[PDB]
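Colleague: Residue numbers (PDB author numbering), protein chains in the order written: chain A, 23 to 46; chain D, 24 to 46; chain C, 23 to 46; chain B, 24 to 46. Backbone N, C-alpha and C define an ideal beta-carbon position, used for all residues, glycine too. Right, I'll just put the structure down here and ask away after.
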Ligand SMILES: N[C@H]1CCC2(CC1)[C@H]1C[C@@H]3C[C@@H](C[C@H]2C3)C1
Ligand SMILES: [Cl-]
């Protein structure tokens, strides 16, 4: 696997979750 | 990879929800 | 990789650009 | 892939700047 792509994917999922919960 | 795919869809979805949240 | 990953990449670059500009 | 690497770097930077901007 690609460490950078894994980290960016996880960070991206976390980003949407935190943004949603912030907008609620 | 299901992670890469899921994060790809989630990334596209994130921009959509952001634009609509801003407009 | 595939057109999904490409599209999400382009869309992620676009997202940061538009967020920075919307934030200025 | 260059585009994927750049988007990975940009995605990480995006979250960091968003969190900070929000605080
Ligand atoms: N919000 C971003 C959009 C771009 C990606 C990170 C999250 C996403 C997951 C991986 C694979 C591509 C490029 C980045 C890494 C699509
Ligand atoms: Cl915002």
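Please report the residue range of the alpha helix (DSSP H) in which residue 46(B) lies.
Modeller: Premise fails: residue 46(B) is in no alpha helix (DSSP H) and is neither H nor E.
Colleague: Can you have a look at residue 30(A) and say buried or exposed, based on whether 16 or more other CB atoms are within 10 angstroms of its CB?
Modeller: Buried.
Colleague: Is the shortest distance between the beta-carbon of residue 35(C) and the beta-carbons of chain D less than 8 Å?
Modeller: False, the Cβ-Cβ gap to chain D never drops below 8 Å.
Colleague: Should residue 33(A) and residue 35(B) be called a contact, given that it needs their Cβ atoms to be closer than 8 Å?
Modeller: In this structure, residue 35(B) lies closer than 8 Å to residue 33(A) by Cβ.
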